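Taking the form deposited in one PDB entry, here's one chain by itself in structure tokens.
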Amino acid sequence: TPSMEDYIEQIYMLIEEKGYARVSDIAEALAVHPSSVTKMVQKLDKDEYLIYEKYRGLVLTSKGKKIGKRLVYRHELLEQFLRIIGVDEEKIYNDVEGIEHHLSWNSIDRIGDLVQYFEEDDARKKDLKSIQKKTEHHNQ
């Protein structure tokens, strides 16, 4: 599920940055109703991605951690990608949040190589940028 991936990716980030995370952290983070969060967490608990105890709070199972880290890698690769090709900083999160779920892993890998391509030599970055310049010259 697409919103599943959002939850897993989000819970992953919440645990990582806060250590302790709850249903409230997810709600706030996703701007969703906590009751809806609970229902989701329960399905996730059922599919054995996580564990939601008292003193424990949310804890990702070994399986949740592999997937979660994969989703986090994917999300950040997409941001870097869009940033690299010149998308306006303000547009990135939104676009990345939508497409991340409709890209195959085979594509995610090709996007990875593509980022490497530009990352290993600025000459390439300047040639790409110069295309954007001429493309938008009628507005400068």
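Throughout, we count residues from 1 along the sequence that is shown.
Is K66 one of the residues left unmodelled in a third or more of the other entries compared?
Looking at the other entries that model residues on either side of it, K66 is present in every one.
Of the other PDB entries for this protein whose models extend past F81 on both sides, does at least a third leave it without coordinates?
no, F81 modelled in all other entries.
When the C-alpha temperature factors are averaged for each of 59-67 and 46-54, which stretch ends up with the higher value in the entry?
Mean C-alpha B-factor is greater for 46-54.
Would you mind comparing 6-14 and 126-134 for me and telling me which has the higher average C-alpha temperature factor in the entry?
It is 126-134 that shows the higher mean C-alpha B-factor.
Out of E76, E100, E89, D109, which shows the largest CA B-factor listed in the entry?
Largest recorded C-alpha B-factor: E89.
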